[PDB]
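Before any comments, here is the structure.
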There are 2 protein chains.
Amino acid sequence: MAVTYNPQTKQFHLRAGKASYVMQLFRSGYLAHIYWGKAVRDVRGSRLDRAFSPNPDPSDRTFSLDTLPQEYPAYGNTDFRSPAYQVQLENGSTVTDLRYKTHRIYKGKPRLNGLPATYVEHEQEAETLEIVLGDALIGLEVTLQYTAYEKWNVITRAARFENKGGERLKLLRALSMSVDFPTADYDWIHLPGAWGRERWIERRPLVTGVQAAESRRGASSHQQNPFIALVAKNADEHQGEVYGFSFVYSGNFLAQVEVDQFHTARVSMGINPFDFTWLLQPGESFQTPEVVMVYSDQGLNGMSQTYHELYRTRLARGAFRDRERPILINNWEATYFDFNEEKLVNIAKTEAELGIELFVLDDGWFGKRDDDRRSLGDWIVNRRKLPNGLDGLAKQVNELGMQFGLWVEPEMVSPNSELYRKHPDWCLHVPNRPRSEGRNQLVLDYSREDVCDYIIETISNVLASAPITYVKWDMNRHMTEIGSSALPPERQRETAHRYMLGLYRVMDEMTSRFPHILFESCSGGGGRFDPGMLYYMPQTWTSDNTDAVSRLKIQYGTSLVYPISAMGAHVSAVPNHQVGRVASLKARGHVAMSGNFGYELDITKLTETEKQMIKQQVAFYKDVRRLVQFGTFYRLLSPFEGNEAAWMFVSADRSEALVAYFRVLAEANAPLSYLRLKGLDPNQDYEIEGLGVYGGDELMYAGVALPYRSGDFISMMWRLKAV
Amino acid sequence: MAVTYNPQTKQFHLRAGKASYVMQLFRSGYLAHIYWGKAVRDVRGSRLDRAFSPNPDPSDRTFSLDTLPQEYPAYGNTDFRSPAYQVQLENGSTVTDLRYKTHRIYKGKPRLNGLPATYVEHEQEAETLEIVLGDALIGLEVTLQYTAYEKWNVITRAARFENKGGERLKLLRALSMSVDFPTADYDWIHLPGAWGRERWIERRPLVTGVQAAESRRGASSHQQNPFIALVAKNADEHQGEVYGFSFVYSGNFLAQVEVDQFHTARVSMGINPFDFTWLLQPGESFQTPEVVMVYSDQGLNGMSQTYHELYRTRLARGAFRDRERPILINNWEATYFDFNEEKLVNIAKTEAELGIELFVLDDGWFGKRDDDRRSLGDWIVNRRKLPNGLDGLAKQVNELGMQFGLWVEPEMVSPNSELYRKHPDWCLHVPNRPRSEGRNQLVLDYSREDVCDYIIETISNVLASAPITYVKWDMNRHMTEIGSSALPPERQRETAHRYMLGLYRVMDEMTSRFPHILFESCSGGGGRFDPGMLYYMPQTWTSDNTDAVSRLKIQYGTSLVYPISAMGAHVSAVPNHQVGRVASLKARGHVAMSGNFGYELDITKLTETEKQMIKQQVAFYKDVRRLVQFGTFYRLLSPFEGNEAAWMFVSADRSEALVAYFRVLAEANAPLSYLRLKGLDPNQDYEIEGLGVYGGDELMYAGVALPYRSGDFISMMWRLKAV
């Protein structure tokens, strides 16, 4: 929180939790990066003169922008490294020369225009530094925005551009931050994946050159999550230096590390410059989304725990932010599309009898929507299928003791829909080109006000028509032929970002209009599982893959950044679907109860003993839900490192914990296995259900001797309680 | 050489040496990459349908451009991977849709407009395939150019764009090639470095994401050489699959591997799209430089040996292409700038007595040039320092038995020069911005015809004024504030490439005007050591660092791509300069005689015994020069893998070889060391000077027991001759 500027040293010192982030003004208004790491009281701000690194000041051959470590570097006036931003002028030049002009420090944390951002509830929680840079010749101002939190090791960064000149300025690249580390002796971690296998942890040594994760899909994507980290060579889950970079944005991104000839590592992150430009007319401004930067010297768990608390309590919003989330059941595979009102209610009684709390109605309740082909965009209740509308169904579900929820997919329109026939120009498209389809549908142009107003109107008409208290908001394709008939040629490349701004406006309006609704975002599973979406909808469908073994990796990687409260995990029926696997009902429960728990099956196909297990799972999860959704989460064993996965949840006072252990392909006649715990009070004794009493110190330093077992999938869960 | 198209399968099969490269037409004119590897007689051209990979043809949901492996992919109509090219239309859209139109196959290999390229001397040496692609809507034609050599495992690739429509087309990205490998189970190799330490070999696993080497310096650079390779996980110097990609271009480049969600590896290479655009008015065309693609299953030595033969004999040109290169001495450090005619001649007699063949006159012979500060651009002989001009000095040097050579730096101009005062607009600059300097100098705008004509005129006036037979052409800074007052705003970003085209025109004219001159390119050492420069000047100054130990790495890495004939290596005096090291005259000779050999010292400071060693080194190198410069080169031990370096040269008939061994920091009481040779006839016996007679089989399979030695730097060289 404690942000200072020392006029003698011209140094900015941002103290965030137990971390320091230090910058310093250098020569004629350059802004240098000095340090970011464990908190220091002070740090004083060599060899900037290097062969083939040229001199911006002919009178001063002591430095180059090619060697000075910076906060917001440009290319073209002596730095040859990857720039944080680039601007093209009317004369075609791309040379810009920002210098420090002034700064201000204030308590609290500002909102970002049109954008999600971490926030504070009290000014005392953080302090913000704004450093105003300017290129006087062209009238370009860039304000670097920094916030340091008191309680957490969190620095947040963004940049705001403003054209204070009399000419057009075209932003070709506008990243949210850039930081030059003094060495490149780190591994990097990022989170690549695909549909059905999101956010695998990938750790790699750095190369001398560039390495990056990005999305060009108009959505943050299944393929790369907008998160990267630099980690010390020897750092692991429990110890060591880790620097995380998390982009609070749900569209295209670039997350990059470039290592230069002097083995310094430039980390940068922001809206993907690929296929992007932004035109600033005189007087216009551009605000980047923010990047949330976390430091820990307590390994990956230390970093994750920071993100979890920050994101759960100061990014997610609304009535359910700090509330236990309902155990839900999705009633899709009960019917695919095949539905009408008579079934649904008895089904709801069966589900209610098992203790399930929320009944969700899936796709095909609307219009002529009856495969992945039709009526998207026409959001009126198909009053054949539900003649009594949503109201009659919902109210009965409520009188059964369950909440009622609904699926929507408002960003899509079917070529065969009334909306498309009335307004074909309302989809993203480019002149004279075929309109490529994903799952037989097109993308609505949310860069347009009329489109957004129409969606707000139409979805509100549905949501206010029944006592709905949960909505799953799905988006099931990525953008092609990106353009808008409502933008001029010179702004066409703003389409993807304006689309996201439009979606953000729409979601902000929808969640405000319906404060009693828990919204869960979805994009073919976890295709937009990012901090930007979390600001609008406090939980997310983690993956369409609900296979127990597959979920071990998906949940483990997702937890690197995202709080368990946001991480949807459901028990589904087997034969599994994406993969093909058979694991016990017990086992799938064990994996799913390690997330935000729910069900995704046909209850009409269950044996009494199965429903009986489900009744027990539900009762069990209710007992540990506060611990799972709000406790401190520790990863113990990594499925990316072998055949085991293990993790645990610990209460704030360390008096209670829940431990989960998994092993795949356990061999015959195998060595005994052990599990060392973390996060307990070493001087406290704990009762482990079914295993007796152990010292916290015994559990952490010697570990639990795991009951010997062998088989295709071992799954164990234990509750711990201080004696 | 043997290039075919099968109309039944719609498959193109390029047979180059012992390699196959196969492509196939797919659906409505898409061009797919099928295979590249060891030669096959035939190869027949799954799961292109993938979640979130959308369909370009709504009637055909069997594929996506996001999954089809391609030769020249675009972004925007269903491929979300890194595109090979991108074009912006007047309407601001960037969507383009090239489809196959036609193709032609012919014998031989074309020249590339304005550009260097590998060539043939007889049509039988290669065959060329041109595949014509087109986007009918916009009138964009792209011809993919492929050449397959008969004798070598070499495919060369480039693309030629042409606007056959009636609107402006802006190329935002125009890479020379792109290839989608079916897996990413490879390491990559690239050649990062810095001034004084060029082309270190860096081998890294691939990441799921992008990794790239690039230059933004307007020159290929010391920092990254324009070469990358994919290599099998277990491949080494002697065995295993290797795919090399070498860019025949001396300016900005990007060399990239992007691995997608399905673990396919897209390798692409060409002019760096960063800060680049190219405007095509109707009727205009753009030719990319070529990329030379080499396959070997005989490890890195197999690949390198291909590049060496191809580049030495079918890229380098001129009278000296196949000629032994002179042992030269540079007379700089004899005087720094401090010179006049009286010294030079006696010096030349001393040097001639030692057997040195070429006398070179360094910087400061011209104008008011007397530190790294002045008179650059004013290329008239300072007739104080040399009152009898270059002619009198040269002719005397010739009567002493030595050739005479000269240093020039024609791309630079000093702010304090007459040229700059008459034409300040002739430097690269942007309107109203400071002109950043590198070594007190500015860069001439070679994108301008008047500038280029002036240089051709001025340098020719000097070169025709004396019997000069060697020129070192140096360039000692990189481009900043890139722009031209002779281009309109809409073409400003063409400046860097037009500059390089200008330099190429200038060098082509200069080497043609002076066919008796051996030209050696230089850029603060090996700052533009690339195949583009080799086409104009058949050798290159490898590095300004002449330290023996440092050169082990520099020469080892340079040899990965470049023939030893091109690799300048000189013995210099110690205390070494860049580093600070003391190695024996013997040792420095050993490292330098493993390249294109020469001297860089003050002969006036040598002891009789030293000159006596030099006289012996010179005689020795003359004896092995043909073997070193034109023999087959094998790397044996890597200084990137430990404290040893070793390599050898073998004659074409395998009757003669030269072996060199080096070890740094050899410990006391160390294990015995051995060296296994390569490339000999196992059934032949060889005499090793000073070690007796050995079977070729013994030498390769059991190896040489190295004479035990210990010390800071061990250096050994042996001549082998078949008994």
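Labels used: A, B, ... for chains in the order of the structure tokens, numbers from 1 for residues in each chain, and numbers from 1 for ligands as shown.
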Should the cut-off be 7 Å, what would the residue list for chain A against chain B look like, counting only C-alpha atoms, as number ranges by chain?
A: 51-52, 54-58, 76-78, 80, 90-93, 95, 192-195, 204, 207-213, 216-217, 223, 261, 430, 436-438, 477-478, 480-481, 483, 489-490, 492
Next, dump the selected residues to file, keeping only N, CA and C atoms, as a tab-separated table (two decimals), in the first residue's frame.
chain	number	residue	atom	x	y	z
A	51	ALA	N	28.33	-1.93	-27.28
A	51	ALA	CA	28.51	-1.97	-28.73
A	51	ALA	C	27.18	-2.19	-29.43
A	52	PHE	N	26.89	-1.30	-30.38
A	52	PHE	CA	25.71	-1.37	-31.24
A	52	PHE	C	24.39	-1.01	-30.54
A	54	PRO	N	22.85	2.22	-29.53
A	54	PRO	CA	23.14	3.63	-29.81
A	54	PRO	C	22.62	4.60	-28.75
A	55	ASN	N	23.04	5.86	-28.87
A	55	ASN	CA	22.81	6.87	-27.84
A	55	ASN	C	21.72	7.85	-28.23
A	56	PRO	N	20.66	7.93	-27.42
A	56	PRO	CA	19.57	8.87	-27.71
A	56	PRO	C	20.04	10.31	-27.50
A	57	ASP	N	20.97	10.52	-26.57
A	57	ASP	CA	21.52	11.85	-26.35
A	57	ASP	C	22.97	11.88	-26.80
A	58	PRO	N	23.25	12.60	-27.91
A	58	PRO	CA	24.58	12.66	-28.53
A	58	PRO	C	25.61	13.24	-27.57
A	76	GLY	N	12.53	2.43	-31.62
A	76	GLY	CA	12.77	3.39	-32.67
A	76	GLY	C	13.75	4.48	-32.33
A	77	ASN	N	13.89	4.81	-31.05
A	77	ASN	CA	14.89	5.81	-30.66
A	77	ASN	C	15.82	5.14	-29.66
A	78	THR	N	16.55	4.16	-30.21
A	78	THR	CA	17.69	3.44	-29.64
A	78	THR	C	17.42	2.12	-28.91
A	80	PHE	N	16.18	-1.55	-29.18
A	80	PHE	CA	15.84	-2.51	-30.23
A	80	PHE	C	15.05	-3.69	-29.70
A	90	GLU	N	0.65	10.69	-38.57
A	90	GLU	CA	0.15	10.98	-39.91
A	90	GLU	C	1.26	10.96	-40.96
A	91	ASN	N	2.48	11.32	-40.57
A	91	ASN	CA	3.57	11.32	-41.54
A	91	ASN	C	4.16	9.93	-41.80
A	92	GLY	N	3.58	8.91	-41.16
A	92	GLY	CA	3.99	7.53	-41.37
A	92	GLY	C	5.08	7.04	-40.45
A	93	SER	N	5.73	7.97	-39.77
A	93	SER	CA	6.75	7.65	-38.78
A	93	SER	C	6.11	6.87	-37.64
A	95	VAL	N	8.04	6.80	-34.68
A	95	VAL	CA	8.93	7.17	-33.60
A	95	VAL	C	8.18	8.04	-32.61
A	192	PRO	N	-1.09	-23.49	-21.31
A	192	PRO	CA	-1.68	-23.85	-22.60
A	192	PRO	C	-2.72	-24.94	-22.42
A	193	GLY	N	-3.58	-25.11	-23.41
A	193	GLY	CA	-4.55	-26.19	-23.37
A	193	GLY	C	-5.31	-26.29	-24.68
A	194	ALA	N	-6.50	-26.88	-24.60
A	194	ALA	CA	-7.40	-26.97	-25.75
A	194	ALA	C	-8.77	-27.16	-25.15
A	195	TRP	N	-9.81	-27.19	-25.98
A	195	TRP	CA	-11.12	-27.55	-25.46
A	195	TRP	C	-11.03	-28.94	-24.82
A	204	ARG	N	9.04	-24.16	-18.58
A	204	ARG	CA	10.11	-24.27	-19.57
A	204	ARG	C	11.21	-23.30	-19.20
A	207	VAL	N	14.46	-18.93	-23.33
A	207	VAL	CA	15.38	-18.91	-24.46
A	207	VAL	C	15.88	-17.48	-24.63
A	208	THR	N	17.04	-17.33	-25.28
A	208	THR	CA	17.51	-15.99	-25.64
A	208	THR	C	16.83	-15.61	-26.94
A	209	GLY	N	15.78	-14.81	-26.82
A	209	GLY	CA	14.85	-14.56	-27.92
A	209	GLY	C	13.50	-14.31	-27.29
A	210	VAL	N	12.42	-14.54	-28.03
A	210	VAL	CA	11.10	-14.32	-27.46
A	210	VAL	C	10.38	-15.64	-27.27
A	211	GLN	N	9.59	-15.74	-26.20
A	211	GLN	CA	8.66	-16.84	-25.99
A	211	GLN	C	7.37	-16.18	-25.54
A	212	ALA	N	6.23	-16.67	-26.00
A	212	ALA	CA	4.99	-16.01	-25.65
A	212	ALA	C	3.83	-16.95	-25.73
A	213	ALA	N	2.80	-16.62	-24.96
A	213	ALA	CA	1.49	-17.23	-25.11
A	213	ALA	C	0.57	-16.13	-25.62
A	216	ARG	N	-5.64	-15.11	-30.43
A	216	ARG	CA	-6.11	-14.34	-31.57
A	216	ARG	C	-7.57	-14.70	-31.83
A	217	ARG	N	-8.22	-15.27	-30.82
A	217	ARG	CA	-9.56	-15.82	-31.00
A	217	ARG	C	-10.69	-14.86	-30.64
A	223	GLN	N	-6.98	-22.30	-25.47
A	223	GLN	CA	-5.67	-22.67	-26.01
A	223	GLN	C	-4.51	-22.07	-25.23
A	261	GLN	N	20.35	-9.73	-25.55
A	261	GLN	CA	21.74	-10.17	-25.65
A	261	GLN	C	22.46	-10.09	-24.32
A	430	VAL	N	-16.98	-8.95	-42.66
A	430	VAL	CA	-16.24	-8.00	-43.46
A	430	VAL	C	-16.93	-7.94	-44.81
A	436	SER	N	-17.91	-17.25	-42.05
A	436	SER	CA	-17.55	-18.56	-41.52
A	436	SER	C	-18.32	-18.88	-40.24
A	437	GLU	N	-18.70	-20.15	-40.08
A	437	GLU	CA	-19.53	-20.55	-38.94
A	437	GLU	C	-18.80	-21.47	-37.97
A	438	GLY	N	-19.14	-21.33	-36.70
A	438	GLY	CA	-18.67	-22.26	-35.68
A	438	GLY	C	-19.90	-22.81	-35.00
A	477	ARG	N	-18.30	-20.18	-29.71
A	477	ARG	CA	-17.36	-20.12	-30.83
A	477	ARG	C	-16.43	-18.91	-30.74
A	478	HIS	N	-15.41	-18.92	-31.59
A	478	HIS	CA	-14.45	-17.83	-31.65
A	478	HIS	C	-14.64	-16.99	-32.91
A	480	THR	N	-14.36	-15.05	-36.40
A	480	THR	CA	-13.71	-14.99	-37.71
A	480	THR	C	-14.28	-13.81	-38.50
A	481	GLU	N	-13.58	-13.41	-39.56
A	481	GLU	CA	-13.95	-12.25	-40.39
A	481	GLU	C	-14.33	-11.04	-39.54
A	483	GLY	N	-15.03	-7.69	-38.21
A	483	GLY	CA	-15.27	-6.34	-38.69
A	483	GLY	C	-16.67	-5.92	-38.32
A	489	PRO	N	-13.41	2.48	-42.14
A	489	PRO	CA	-12.22	1.68	-42.48
A	489	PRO	C	-11.07	1.88	-41.50
A	490	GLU	N	-10.85	3.13	-41.10
A	490	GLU	CA	-9.71	3.45	-40.25
A	490	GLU	C	-9.86	2.92	-38.82
A	492	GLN	N	-11.55	-0.28	-38.32
A	492	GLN	CA	-11.95	-1.68	-38.40
A	492	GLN	C	-11.20	-2.59	-37.44
From a DSSP pass on the backbone, collect the residues of stretch 510-608 of chain A flagged as helix (DSSP H, G or I) and hand them back as an MDAnalysis selection string.
chainID A and resid 510:513 531:534 548:558 564:566 585:592 603:605 608
Which of stretch 509-701 of chain B fall in strand (DSSP E or B), as an MDAnalysis selection string:
chainID B and resid 518:523 525:526 539:541 543 567:572 596:600 632:637 644:650 656:666 674:675 685:688 692:695
Can you write just those residues out, C-alpha atoms, as a tab-separated table (two decimals), in the first residue's frame?
chain	number	residue	atom	x	y	z
B	518	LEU	CA	38.08	-9.82	-53.19
B	519	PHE	CA	35.43	-8.11	-51.07
B	520	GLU	CA	34.99	-9.05	-47.40
B	521	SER	CA	31.87	-7.79	-45.61
B	522	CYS	CA	32.06	-6.67	-42.00
B	523	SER	CA	29.77	-5.12	-39.45
B	525	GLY	CA	32.71	-8.17	-36.87
B	526	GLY	CA	29.98	-10.64	-37.74
B	539	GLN	CA	33.88	-13.87	-47.10
B	540	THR	CA	33.04	-12.13	-43.85
B	541	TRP	CA	34.84	-10.87	-40.77
B	543	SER	CA	33.90	-11.35	-35.04
B	567	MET	CA	34.84	-17.36	-42.02
B	568	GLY	CA	37.57	-14.80	-41.35
B	569	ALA	CA	39.79	-15.67	-38.39
B	570	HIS	CA	42.89	-13.71	-37.44
B	571	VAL	CA	45.76	-14.04	-34.98
B	572	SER	CA	45.91	-10.89	-32.85
B	596	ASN	CA	39.99	-18.11	-43.37
B	597	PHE	CA	43.38	-17.14	-41.93
B	598	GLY	CA	44.96	-13.76	-41.36
B	599	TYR	CA	46.68	-11.43	-38.94
B	600	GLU	CA	45.66	-8.38	-36.97
B	632	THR	CA	34.52	-31.21	-45.76
B	633	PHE	CA	34.21	-29.83	-42.21
B	634	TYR	CA	33.22	-32.05	-39.27
B	635	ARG	CA	32.52	-30.75	-35.78
B	636	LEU	CA	33.66	-33.32	-33.20
B	637	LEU	CA	33.48	-31.79	-29.71
B	644	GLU	CA	36.66	-29.08	-25.13
B	645	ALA	CA	36.29	-28.09	-28.76
B	646	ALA	CA	37.35	-30.23	-31.70
B	647	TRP	CA	36.80	-30.36	-35.43
B	648	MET	CA	38.46	-31.58	-38.60
B	649	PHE	CA	38.68	-31.04	-42.35
B	650	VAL	CA	38.76	-33.92	-44.84
B	656	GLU	CA	44.06	-36.06	-46.37
B	657	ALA	CA	42.72	-34.44	-43.24
B	658	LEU	CA	43.51	-31.81	-40.66
B	659	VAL	CA	42.38	-32.37	-37.06
B	660	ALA	CA	42.25	-29.67	-34.37
B	661	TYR	CA	41.70	-30.17	-30.62
B	662	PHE	CA	41.25	-27.63	-27.82
B	663	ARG	CA	40.63	-27.81	-24.08
B	664	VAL	CA	40.25	-25.00	-21.57
B	665	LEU	CA	40.96	-25.26	-17.83
B	666	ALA	CA	42.40	-28.78	-18.00
B	674	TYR	CA	40.39	-39.40	-26.49
B	675	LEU	CA	39.21	-38.03	-29.82
B	685	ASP	CA	45.69	-46.28	-43.13
B	686	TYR	CA	46.72	-42.74	-42.26
B	687	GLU	CA	49.96	-41.24	-41.08
B	688	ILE	CA	49.39	-38.62	-38.39
B	692	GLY	CA	52.49	-42.59	-36.20
B	693	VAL	CA	50.22	-44.67	-38.47
B	694	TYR	CA	46.56	-45.53	-37.69
B	695	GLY	CA	43.75	-47.27	-39.53
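For the pair atom CA of residue A:447 and atom CA of residue A:495, the separation is 6.3 Å.
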For residue A:126, please output as an MDAnalysis selection string all residues within 9 Å (counting only C-alpha atoms; exclusion window: fewer than 2 positions along the same chain).
chainID A and resid 1:3 16 106:109 119:120 122:124 128 147:151
Any chance you can output those residues with C-alpha atoms as a PDB file, in the first residue's frame?
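As written to disk, result-v1.pdb reads:
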ATOM      1  CA  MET A   1       0.000   0.000   0.000  1.00  0.00           C
ATOM      2  CA  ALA A   2       2.656   2.431   1.026  1.00  0.00           C
ATOM      3  CA  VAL A   3       3.709   4.328  -2.082  1.00  0.00           C
ATOM      4  CA  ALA A  16       2.758  -4.067  -1.548  1.00  0.00           C
ATOM      5  CA  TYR A 106      -3.352   8.924  -3.822  1.00  0.00           C
ATOM      6  CA  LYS A 107      -5.089   6.498  -1.516  1.00  0.00           C
ATOM      7  CA  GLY A 108      -7.352   3.794  -2.872  1.00  0.00           C
ATOM      8  CA  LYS A 109      -7.640   2.418  -6.404  1.00  0.00           C
ATOM      9  CA  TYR A 119     -10.825  -2.881  -6.517  1.00  0.00           C
ATOM     10  CA  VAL A 120     -10.801  -1.739  -2.907  1.00  0.00           C
ATOM     11  CA  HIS A 122     -11.739   1.120   1.704  1.00  0.00           C
ATOM     12  CA  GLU A 123      -9.055   3.621   0.662  1.00  0.00           C
ATOM     13  CA  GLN A 124      -6.726   2.234   3.289  1.00  0.00           C
ATOM     14  CA  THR A 128      -2.138   4.363  -6.415  1.00  0.00           C
ATOM     15  CA  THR A 147      -1.553   0.277  -7.495  1.00  0.00           C
ATOM     16  CA  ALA A 148       0.034  -1.357  -4.447  1.00  0.00           C
ATOM     17  CA  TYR A 149      -2.172  -3.311  -2.014  1.00  0.00           C
ATOM     18  CA  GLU A 150      -1.518  -3.188   1.724  1.00  0.00           C
ATOM     19  CA  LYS A 151      -2.445  -6.718   2.607  1.00  0.00           C
TER      20      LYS A 151
END
Which polymer residues have any atom within 8 Å of an atom of residue B:173, counting only C-alpha atoms, with same-chain residues fewer than 6 positions away left out, as a PDB file with N, CA, C and O atoms, in the first residue's frame?
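Result written to around17.pdb:
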ATOM      1  N   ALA B  84       1.375 -16.537 -42.400  1.00  0.00           N
ATOM      2  CA  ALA B  84       2.589 -16.303 -43.176  1.00  0.00           C
ATOM      3  C   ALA B  84       2.592 -14.900 -43.755  1.00  0.00           C
ATOM      4  O   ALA B  84       3.645 -14.342 -44.069  1.00  0.00           O
ATOM      5  N   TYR B  85       1.402 -14.343 -43.936  1.00  0.00           N
ATOM      6  CA  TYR B  85       1.269 -13.037 -44.563  1.00  0.00           C
ATOM      7  C   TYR B  85      -0.020 -12.435 -44.041  1.00  0.00           C
ATOM      8  O   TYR B  85      -0.885 -13.137 -43.489  1.00  0.00           O
ATOM      9  N   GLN B  86      -0.135 -11.130 -44.198  1.00  0.00           N
ATOM     10  CA  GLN B  86      -1.375 -10.444 -43.919  1.00  0.00           C
ATOM     11  C   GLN B  86      -1.435  -9.177 -44.758  1.00  0.00           C
ATOM     12  O   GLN B  86      -0.422  -8.497 -44.950  1.00  0.00           O
ATOM     13  N   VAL B  87      -2.635  -8.868 -45.245  1.00  0.00           N
ATOM     14  CA  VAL B  87      -2.865  -7.740 -46.154  1.00  0.00           C
ATOM     15  C   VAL B  87      -4.030  -6.921 -45.620  1.00  0.00           C
ATOM     16  O   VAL B  87      -5.047  -7.486 -45.226  1.00  0.00           O
ATOM     17  N   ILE B 271      11.099 -11.474 -43.741  1.00  0.00           N
ATOM     18  CA  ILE B 271      11.313 -10.113 -43.283  1.00  0.00           C
ATOM     19  C   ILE B 271      10.478  -9.876 -42.029  1.00  0.00           C
ATOM     20  O   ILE B 271       9.304 -10.240 -41.970  1.00  0.00           O
ATOM     21  N   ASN B 272      11.082  -9.286 -41.008  1.00  0.00           N
ATOM     22  CA  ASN B 272      10.339  -9.057 -39.777  1.00  0.00           C
ATOM     23  C   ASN B 272       9.122  -8.182 -40.049  1.00  0.00           C
ATOM     24  O   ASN B 272       9.253  -7.081 -40.568  1.00  0.00           O
ATOM     25  N   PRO B 273       7.922  -8.672 -39.702  1.00  0.00           N
ATOM     26  CA  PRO B 273       6.717  -7.862 -39.911  1.00  0.00           C
ATOM     27  C   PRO B 273       6.697  -6.652 -38.989  1.00  0.00           C
ATOM     28  O   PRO B 273       5.967  -5.683 -39.248  1.00  0.00           O
ATOM     29  N   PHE B 276       7.086  -2.970 -40.269  1.00  0.00           N
ATOM     30  CA  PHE B 276       7.146  -3.152 -41.726  1.00  0.00           C
ATOM     31  C   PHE B 276       5.751  -3.097 -42.334  1.00  0.00           C
ATOM     32  O   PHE B 276       4.819  -3.677 -41.793  1.00  0.00           O
ATOM     33  N   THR B 277       5.617  -2.402 -43.463  1.00  0.00           N
ATOM     34  CA  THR B 277       4.467  -2.576 -44.341  1.00  0.00           C
ATOM     35  C   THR B 277       4.979  -2.432 -45.757  1.00  0.00           C
ATOM     36  O   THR B 277       6.082  -1.926 -45.975  1.00  0.00           O
TER      37      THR B 277
END
Residue neighbourhood stretch 387-401 of chain B, 12 Å, only C-alpha atoms, exclusion window fewer than 2 positions, as an MDAnalysis selection string
chainID B and resid 339:361 365:366 380:385 403:406 461:470
Residues within 7 Å of residue A:696, only C-alpha atoms, excluding chain neighbours under 4 positions, as a PyMOL selection string
chain A and resi 680-686+700
Could you dump the residues just selected with C-alpha atoms as a PDB file, in the first residue's frame?
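Wrote it out as out-v8.pdb, contents follow:
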ATOM      1  CA  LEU A 680      -1.484 -26.674   9.703  1.00  0.00           C
ATOM      2  CA  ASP A 681      -0.476 -25.591  13.197  1.00  0.00           C
ATOM      3  CA  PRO A 682       2.490 -27.830  14.024  1.00  0.00           C
ATOM      4  CA  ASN A 683       1.677 -27.642  17.751  1.00  0.00           C
ATOM      5  CA  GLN A 684      -1.946 -28.664  17.318  1.00  0.00           C
ATOM      6  CA  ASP A 685      -3.197 -32.239  17.199  1.00  0.00           C
ATOM      7  CA  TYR A 686      -5.705 -33.194  14.530  1.00  0.00           C
ATOM      8  CA  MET A 700       3.652 -31.899   7.704  1.00  0.00           C
TER       9      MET A 700
END
